[PDB]
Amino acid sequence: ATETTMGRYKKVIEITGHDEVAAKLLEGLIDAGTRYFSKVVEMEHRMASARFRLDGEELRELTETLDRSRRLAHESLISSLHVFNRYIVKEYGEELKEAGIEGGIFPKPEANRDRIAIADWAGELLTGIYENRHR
């Protein structure tokens, strides 16, 4: 189970979920994830479409506002992740290692500083949760 994004996420909940601080920090991480997802989609959609009706300067201004806001959201995602994993490793590091998910919720050792891999990871987690939504 724990090999997958979804498996590691569910193990993190099982291991750390009784700690109220860990719980709140993880709620915050998922929220930072949906925020970044939302800003990316909002932007990408507007970049696809705004060209069919905005002049160059209007488009330039819009592009910059969306761009800066998306980047900030990405930095917040990254910070939320790092802060959460540092906490759970500090407090449950042994349990995590025993469960096969040493280092926490992120599947990488190598790429946990990688802006695009963190964005890829967030997409996978959020997609999996959405697709597994209960009937």
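Numbers for residues come from their place in the sequence shown, where the first is 1.
In this entry, 86 to 94 has the higher mean Cα B-factor, the comparison being between 30 to 38 and 86 to 94. The mean Cα B-factor in the deposited entry runs higher for 99 to 107 than for the other of 99 to 107 and 66 to 74. For residue 11, the recorded CA temperature factor ranks within the middle third of the chain's modelled residues.
In the deposited entry, the Cα temperature factor of residue 119 places it in the middle third of its chain's modelled residues. Per the PDB record, residue ranking by Cα B-factor puts residue 81 in the lowest third of the chain.
The deposited CA B-factor of residue 113 belongs to the highest third of values across its chain.
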